[PDB]
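Working notes, structure below.
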Amino acid sequence: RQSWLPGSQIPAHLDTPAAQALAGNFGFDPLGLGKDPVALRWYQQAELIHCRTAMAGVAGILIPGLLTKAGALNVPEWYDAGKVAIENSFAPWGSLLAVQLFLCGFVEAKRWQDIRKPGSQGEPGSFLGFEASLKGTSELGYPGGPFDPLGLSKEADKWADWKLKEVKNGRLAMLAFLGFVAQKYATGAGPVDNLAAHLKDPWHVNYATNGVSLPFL
Amino acid sequence: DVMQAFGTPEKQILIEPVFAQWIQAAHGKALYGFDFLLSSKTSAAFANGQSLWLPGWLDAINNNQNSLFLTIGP
Amino acid sequence: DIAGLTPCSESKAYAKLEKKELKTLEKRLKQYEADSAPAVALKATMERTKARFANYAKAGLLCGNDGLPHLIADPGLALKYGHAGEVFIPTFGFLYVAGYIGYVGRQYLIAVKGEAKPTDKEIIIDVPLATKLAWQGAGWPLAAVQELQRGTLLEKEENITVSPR
Amino acid sequence: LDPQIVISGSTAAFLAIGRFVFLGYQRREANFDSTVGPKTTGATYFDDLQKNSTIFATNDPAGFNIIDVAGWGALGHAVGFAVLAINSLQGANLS
Amino acid sequence: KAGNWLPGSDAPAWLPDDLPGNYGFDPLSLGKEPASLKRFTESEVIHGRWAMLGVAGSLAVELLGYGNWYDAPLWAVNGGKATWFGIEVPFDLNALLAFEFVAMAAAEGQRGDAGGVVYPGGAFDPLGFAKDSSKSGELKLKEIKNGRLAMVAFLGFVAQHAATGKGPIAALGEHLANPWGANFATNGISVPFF
Amino acid sequence: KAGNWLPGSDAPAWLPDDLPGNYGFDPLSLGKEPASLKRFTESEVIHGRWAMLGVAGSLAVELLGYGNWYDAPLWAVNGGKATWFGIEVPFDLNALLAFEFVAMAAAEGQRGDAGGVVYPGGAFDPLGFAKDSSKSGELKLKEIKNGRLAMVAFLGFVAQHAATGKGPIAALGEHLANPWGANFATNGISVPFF
Ligand code: CHL
Ligand code: CLA
Ligand code: CLA
Ligand SMILES: CC(/C=C/C=C(C)/C=C/[C@@]12O[C@]1(C)C[C@@H](O)CC2(C)C)=C\C=C\C=C(C)\C=C\C=C(C)\C=C\[C@@]12O[C@]1(C)C[C@@H](O)CC2(C)C
Ligand SMILES: CC(/C=C/C=C(C)/C=C/[C@@]12O[C@]1(C)C[C@@H](O)CC2(C)C)=C\C=C\C=C(C)\C=C\C=C(C)\C=C\[C@@]12O[C@]1(C)C[C@@H](O)CC2(C)C
Ligand SMILES: CC(/C=C/C=C(C)/C=C/[C@@]12O[C@]1(C)C[C@@H](O)CC2(C)C)=C\C=C\C=C(C)\C=C\C=C(C)\C=C\[C@@]12O[C@]1(C)C[C@@H](O)CC2(C)C
Ligand SMILES: CC1=C(/C=C/C(C)=C/C=C/C(C)=C/C=C/C=C(C)/C=C/C=C(C)/C=C/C2=C(C)CCCC2(C)C)C(C)(C)CCC1
Ligand SMILES: CCCCCCCCCCCCO[C@H]1O[C@H](CO)[C@@H](O[C@H]2O[C@H](CO)[C@@H](O)[C@H](O)[C@H]2O)[C@H](O)[C@H]1O
C-alpha cells in the first residue's frame, strides 16, 4: 500500500475498493475533498482534464523552448508568443477567442452530458450516424473509440500500467506549469534560461537567493 | 475617526457613491463625466425632450447653487 | 477621471497635504537633539509618512477635491480602470476567511452533537478535534458547494420547530 | 386638422368596434361579476342606493344600451382630441 | 418527438409526444401546467407567423433597394410621403393609425373569440394543403421550425442593428468581406472586454 | 472480401463479406452499428463519384491550358467575365449561386427522399451495363476503388497546392524534371526541419 506519507492514516474514503480502482491513489487527501463518493467521481474527471491539458501545454512550452535554444527553431518565450502570433495573424484575438469558445463549448458540452449520463451520447439519430462511436467505454474519463486510433487500450494486461503513467506525467506536468508562472515573476526569464542559470552555479542561483521567495532572509 | 485623531486623514476609507452619481448623470448632471442618457447630447432621450422641457431642466440641474440634485461624495 | 476624480499622483491638494503632515513633524523635531531617542522616533515617523504618500500615488488611487483617496466599488468600473484592489479583490478575500471561520465552527458543532453530552463539549473545547477541523477548512468552498448539491446543507421544514400561526 | 372629421371619425370607429367587435367579449366579462354576487341584500334607503333600480333596456338587436354608447363614445372623443392636440404641436412657435 | 434538443437527456413528462415541434426543450419548466402550455402552444405559432412575415418583409425591402427595415417609417418623421415599391401612397401617419387600429381590432378580436384556434383551415386554407388532417404532421412541423428560425432571425436584425447600425443585407456583405474582422466579436459592443 | 489492408490481421466481424470494396479496414470501428454503416456506405460512394468528377475536371482544365482548378473562380472576386472552353458566359456570381442552389436542392432533395439508394439504375443506366446481377458485383468494386483513388488524389491536389502553390500538372512536370530536388521533403513545409 504505497502512500504519499508513510505511517500516516489513509483517509477511509480512499481505501474503499471503488476509490482504490482510481489510478495514482496514494492516499493523499488531507483536506477531505473526496469524502463524498459523488464528489470524488467528479474530481477524478477534473484531474484527468487538468492532467491532459497541462501535459499538452507544457510540451508546447518546453519542447519548443529547447529546440529554440538548440537553434532548430525560432519561437518566442511562452509568455510572449501570444503577442507575436497575433501580429501576423488573420484575425484579432477577440474573434479568435470567440470561435474557440463555441468549438470548445460544444465539445465540452458533450463531454459534460456523458458525466451526468454515461454512454448517453450514443443516442440513436442524435448525431449524423456518428453517435455509435461516442458511447465511450465502461470507465468514465477514458472515452476510447475514435480517441484511441492505435487501440492501445484493448490490452487488458497493460491497462492499469498505462493509466498510472498518464496520471504521473499529468501531475508532474501540472506542477511544471505552476513553476513556469512562478519562475517568470520571480526571475524574469524563460524556463530553459532558468535551468541554464541553475546548472552554471547551483549553489548561488536558486530560489533562496532570487530576492523574492524569502523576503525575510 | 481614529485616522483623524492620529493625524492621517489620507488613511480613511472614502467610498465614492458611484451608483447614485450614475443616476445623477442619467438626469443630466455633467459634473461626473459619465456622459449617460440626458448627460450625452447624442442620445435619443436627450434629443426627443430637447424641445419640451430639457432646456429648462438641464439648466436647473447643472446650477450648483440650488438644491436640485446636489453634488454627492463619500 | 472617474466621477470627476483625479489621480492622487496628479492632485495638487494631495501634494499639499503631505507637506502639512511633514511640517508638523519637523516642528516638533527641532526641540530635541540630533540623535536623541525622541528625535530618532520622529524621523522614523517622517519616513513612514513619505513612504505612505508615495505608495498611494504609486497604487494609482483617485483623489477628490479634498485631496484624499477615494475607492471605487462598482466591479465594472474597477476592472475597467484597474481599481480591482480597492474593494473588488478584498471582497473575495474577506469572504474566504469569513466562510472559513463559519464553516469550521459548523463542522465542530455537528461533530459534538453525536457525543453523549454535547453541552459539555461547548464550554470545554475539544482542542484536538478543533485543530483537526481548523486545517481542513481551507477547502470550505469546495466542501460547502458539494453539500448544497447533495441536499444535506439544509434541514427539512418538518424537523424545525415553529410557533403557532 | 378638421375637428369635425377627426372627432366624429374616431367616435364612429370606437362605436363601431364596440358594437360589432367587443360587445360579445365585454358582456362575458360582465358576467364574471355575477359569480361573486350582489353587493348588498337589504331594504333600507342606503341599501337601495347599491342596486340596479333602473334597468336600461334598449331596442337595439345586440343590446347596445345608452350606457354602452356613453362608454364607447367617450373613448372616441378622448382619442380624437389626443390626435388633434398632438397634431397641433407641429408648427408651434416658442412652444 | 421531432428530436432531442440536448442529446442524451430525458424529455419532460408534461410535454406531450405528438405536439408538433417537440424537441423536449423546457429547461425552466414553463409549460408544466396544462392550461399554461395550451396558451403557449398558440402563442408560439402566432409569434412565428408574424416573425416569418416580418423577416420576409425586412429582407425584401433591402433586397429591392428601398432601404432597410429600420429606416422605413422615417418619412412620417421628416415630413416625406409614404412609398410602396416606389409607388407613392396618399396617406399620412395619423390616418394610417386609424385604418390599422380598426382593421387589426376586427381581425384580432374575431380570432380572440375563437377560444384558442391555431389551425383554422377552411377559408384560410383555400388550396387544401392541410385538408387531409393526417399528413399535416410534417406541414405543422415545417411551419414551426421555419417560425422558430424566423423569430431568431428577427432578434438578430434588432440586436445587430443596435450594435453596428447597418441593415441585415449590408451586415451580411460586410461579414463576407472580412469574416474574421467583421463579426459580433468586433463590434466593440457585444463583448465589452474584447 | 476485396483483400486485406493489413496482412496478418483479422477482419472486423461487423463488415459483411459481400459489401463492395471490403478490405476489413475499420480501425476505429465507426461502422460497428448497422445504422451507422448503412449511412456511411452511401456516403463513401457519393463522395467517390463527386471526387472522380472533381479530379477529372481539375486535370482537364490545366491540360487544355485554361488555368488550374484553384484560380478558376478568381474572376468573381477580382472582377471579370466567366469563361468555359474560352467562350464568354453571361452569368455572374449572384446568378450562379441562385441557379446552382435551386438545381442542387431539387436534385439532391429527390435523392434524399429515396431512403439511401446508392445504385438506382434504370434512368441513370441507359446503356444497362449493370443490368445483370453477376456482372454488377465486380463493377461496383471497380467503381469504389477508382472513387477511393480519386478521393485521395483530390486531397493531394489541395495539400500539394498549399505547400507548393502550384497546379497538379505543373507539380508533376516539376517532379519529373528534378525528382530529388522537387518533392514534399524539399517544399520546406511538409518536414518541419531541414
Ligand atoms: C491557458 C491560458 C492562457 C494563459 C495562461 C495566457 C497567458 C498569457 N497570455 Mg495569452 N494566455 C492564455 C490563453 C490565451 N492567450 C491568448 C492570446 C493572447 C494575446 C493576444 C496576448 C496574450 C498574452 C499573454 C501573457 C501576458 C499577460 C496577458 O495578456 O494576460 C492576460 C490573459 C490571461 C492572464 C489568461 C488567463 C486565463 C486563465 C488560465 C483562466 C482560468 C479560468 C478557470 C475558470 C480556472 C480558475 C481557477 C484558477 C485557480 C486558475 C500571459 C503569459 C499577451 C502577451 O504575450 O504579452 C507579452 C498578449 O499580448 N495571450 C489566446 C488567444 C485568444 C488564448 C486562448 O486561450
Ligand atoms: C449593485 C448594483 C450595480 C449597479 C447599480 C451598477 C452600476 C453600473 N455598472 Mg456594475 N456591476 C455590478 C453591480 C452594479 N453595477 C455587479 C454585481 C457586477 C458583476 C460583478 C457588475 C459588473 C459590471 C460591468 C462588467 C460593467 C458595469 C457597469 C456599470 C455601469 C453601467 C451599466 C450598469 O451596470 O447599469 C446599471 C446596473 C444594473 C442594471 C445592474 C446590473 C449591471 C450589469 C451586471 C452590468 C451591465 C454592463 C453594461 C451592459 C455595459 C454596457 C456598456 C456601457 C459603457 C454603457 C454602472 C455605473 C459598466 C461600466 O463600467 O460602465 C461605465 C460595465 O461595463 N458593472
Ligand atoms: C438566425 C441566425 C443568425 C444569422 C445567420 C446571423 C448572421 C450574422 N450576424 Mg447575427 N444575430 C443573431 C442571429 C443570426 N445572425 C441573433 C439571434 C442575435 C442576438 C443574440 C444576433 C446578434 C448579432 C450581432 C450583435 C452581430 C451579428 C452579426 C452577424 C453577422 C456576422 C456573424 C456574427 O457575428 O454573428 C453573431 C452570431 C451570434 C451572436 C450567434 C447566432 C447563433 C444562431 C442563431 C444559431 C442558429 C442555428 C445554427 C447553429 C446556425 C444556423 C444558420 C442559419 C443561416 C440557418 C452575420 C451576417 C454581426 C455583424 O453584423 O457583423 C457585420 C454583429 O455585429 N448578429
Ligand atoms: C491546465 C494547466 C496548464 C495549462 C496550460 C496551457 C494550456 C498553456 C498553453 C500555452 O502555453 C502554451 C502551450 C504556449 C504559450 O505561448 C501560450 C499558452 C496559452 C500560455 C495547469 C494546471 C495546473 C494545476 C495545478 C498546479 C494544481 C495543483 C493542485 C494541487 C497541488 C492540489 C492539492 C490538493 O488538492 C489535493 C490534490 C487534495 C487535497 O486534500 C489537498 C490539496 C493540497 C488541496
Ligand atoms: C425571439 C422571440 C422569442 C424567443 C423565446 C425564447 C428563446 C424562449 C426560450 C425559453 O422559453 C423556452 C422556449 C423554454 C423555457 O423553458 C426556457 C426559455 C429559455 C425561457 C420572439 C420573437 C418574435 C418576433 C416577432 C413576432 C417579430 C415580428 C416582426 C414584425 C411583424 C415586423 C414588421 C416590420 O419589419 C417589417 C416587415 C418592415 C419594417 O419596416 C417595419 C416592421 C413593423 C418592423
Ligand atoms: C480524402 C477523403 C476522405 C478520406 C477518408 C479517410 C482516409 C477515412 C479513413 C477512415 O474512416 C475509415 C475509412 C475507417 C475508420 O475506421 C478509420 C479512418 C482513418 C477514420 C475524401 C475526399 C473527398 C473529395 C471530394 C468529394 C472532392 C470533390 C471535388 C470537387 C467537386 C471539385 C470541384 C472543382 O474542382 C473543380 C472540378 C474545378 C475547380 O475550378 C472548382 C472546384 C469546385 C474546386
Ligand atoms: C340610431 C341608429 C343608428 C345611428 C346611431 C348614431 C348616429 C349614434 C351616434 C352616437 C354618438 C354620436 C354618440 C356620442 C357620444 C359621445 C360621448 C359620450 C362623449 C364623451 C366625451 C367626453 C367624456 C369628453 C371628455 C373630455 C373633455 C370634456 C375635455 C377634454 C378631454 C376629454 C376629451 C377626455 C345606426 C344607423 C348606426 C343603426 C340604426 C339605429
Ligand atoms: C405594436 C403592436 C401592439 C399590439 C398590442 C396588442 C393589444 C392587445 C389588447 C387585447 C385586449 C383584450 O382583447 C382580447 O381579450 C381576450 C384575450 O385576452 C379575448 O377574449 C377571450 O379571451 C379569453 C382568454 O383567452 C377566452 O377564454 C374567452 O373566449 C374570451 O374572453 C378578446 O376577444 C380579445 O379581444
Side-chain angles (χ1 to χ4, degrees), chain A residues 182 185-188 204-217, chain B residues 1-18 21 31-32 70-74, chain C residues 1-73 77-78 81-98 100-101:
Chain A
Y185 291 111
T187 73
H204 298 258
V205 181
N206 48 36
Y207 81 106
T209 60
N210 65 349
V212 184
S213 305
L214 302 174
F216 55 94
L217 270 163
Chain B
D1 271 295
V2 172
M3 300 298 94
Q4 295 282 356
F6 291 169
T8 63
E10 74 290 347
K11 288 213 290 172
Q12 58 194 2
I13 292 168
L14 311 179
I15 307 177
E16 198 71 1
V18 290
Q21 295 171 339
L31 183 62
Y32 309 107
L70 297 156
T71 306
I72 52 172
Chain C
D1 189 73
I2 291 171
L5 302 178
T6 170
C8 297
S9 53
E10 309 174 357
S11 180
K12 301 298 187 182
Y14 179 85
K16 183 179 181 185
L17 188 66
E18 181 175 355
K19 299 183 70 176
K20 177 180 178 179
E21 299 196 17
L22 296 176
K23 190 193 298 180
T24 299
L25 297 169
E26 186 198 11
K27 192 175 180 178
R28 295 176 57 199
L29 184 61
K30 59 178 179 180
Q31 82 186 244
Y32 298 97
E33 298 174 339
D35 290 323
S36 58
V40 173
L42 284 167
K43 295 169 183 174
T45 297
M46 299 179 75
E47 285 295 345
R48 282 191 294 269
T49 302
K50 292 186 296 184
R52 190 196 315 117
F53 279 83
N55 292 24
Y56 294 172
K58 166 175 57 173
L61 300 183
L62 305 178
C63 275
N65 304 335
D66 48 68
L68 305 174
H70 294 181
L71 310 180
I72 303 304
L77 288 168
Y81 303 103
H83 293 287
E86 296 175 349
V87 174
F88 177 81
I89 282 170
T91 301
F92 299 89
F94 166 86
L95 291 180
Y96 173 77
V97 177
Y100 199 141
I101 299 169

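Both backbone and side-chain heavy atoms feed into the values below; hydrogens, waters and symmetry mates do not. First the proteins, then the strands, lettered A, B, ... as listed; each starts at 1.
To the nearest 0.5 Å, the span separating CD on C:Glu26 from NZ on C:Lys19 amounts to 11.0 Å. Between the OH atom in C:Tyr81 and the CD1 atom in C:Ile72 there is a gap of 10.5 Å [rounded to 0.5 Å]. Here CD of C:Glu18 is found 8.0 Å from CD of C:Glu21. Values are rounded to the nearest 0.5 Å. In this structure, NE2 on C:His70 lies 4.5 Å from CG on B:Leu14, to the nearest 0.5 angstrom. Atom CG of C:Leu61 and atom CD of C:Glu86 lie 5.5 Å apart (nearest 0.5 Å). The distance from the OH atom of C:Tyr96 to the CD1 atom of C:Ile101 is 11.0 Å, given to the nearest 0.5 Å.
Checked by atom type and distance alone, the side chain of B:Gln12 pairs as donor or acceptor with a backbone atom of B:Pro9 at under 3.5 Å. The backbone N or O of C:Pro69 lies less than 3.5 Å from no partner atom in the side chain of C:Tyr14, so there is not a single donor-acceptor pair. B:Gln21 places a side-chain N or O within donor-acceptor distance of the main-chain N or O of B:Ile72, the cut-off being under 3.5 Å. Between the side chain of A:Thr209 and the backbone N or O of A:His204 there is at least one donor-acceptor pair closer than 3.5 Å.
The minimum heavy-atom distance linking C:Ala13 with C:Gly67 is given by the pair CB-CA, 3.8 Å. Minimum heavy-atom separation, C:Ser11 to C:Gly64: OG-O, 4.4 Å. Of all heavy-atom pairs between B:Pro17 and B:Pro74, the closest is CD-N, 3.9 Å.
The environment of C:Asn65 atom CG is sparse: at most 12 non-hydrogen atoms of other residues, nucleotides or ligands sit within 6.0 angstrom. Taking a 6.0 Å sphere around NZ of C:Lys43, one finds it holds more than 12 heavy atoms contributed by other residues, nucleotides or ligands. More than 12 heavy atoms of other shown residues, nucleotides or ligands fall within 6.0 angstrom of atom CD in B:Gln4. Within 6.0 Å of the CG atom in C:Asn55, the count of heavy atoms belonging to other residues, nucleotides or ligands exceeds 12. By the neighbour-count criterion of 12 heavy atoms within 6.0 Å, atom CG of C:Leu95 is densely surrounded, having more than that number from other residues, nucleotides or ligands.
B:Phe6 is not listed as a side-chain neighbour of B:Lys11, based on a closest heavy-atom distance of 4.5 Å or more. Residues C:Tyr56 and C:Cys8 fail the side-chain proximity criterion, which asks for heavy atoms closer than 4.5 Å.
For the side-chain contact (heavy atoms from CB on, under 4.5 Å) criterion with C:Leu42, the lone passing option out of C:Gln31, C:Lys30, C:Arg28 is C:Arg28. Of the residues listed (C:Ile2, C:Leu5, C:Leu62), the one engaging B:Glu16 in a side-chain contact (heavy atoms from CB on, under 4.5 Å) is C:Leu5, and it is the only one.
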**OP:** With side chain to side chain contact (heavy atoms under 4.5 Å, CB included) as the test, would you mind laying out the steps for B:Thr71 and B:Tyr32 before giving the verdict?
**Re:** CA-CA 9 Å; B:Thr71 306; B:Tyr32 309 107; 3.4 Å; yes
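In summary, C:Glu47 and C:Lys50 engage in a salt bridge, as defined by a charged side-chain N under 4.0 Å from a carboxylate O.
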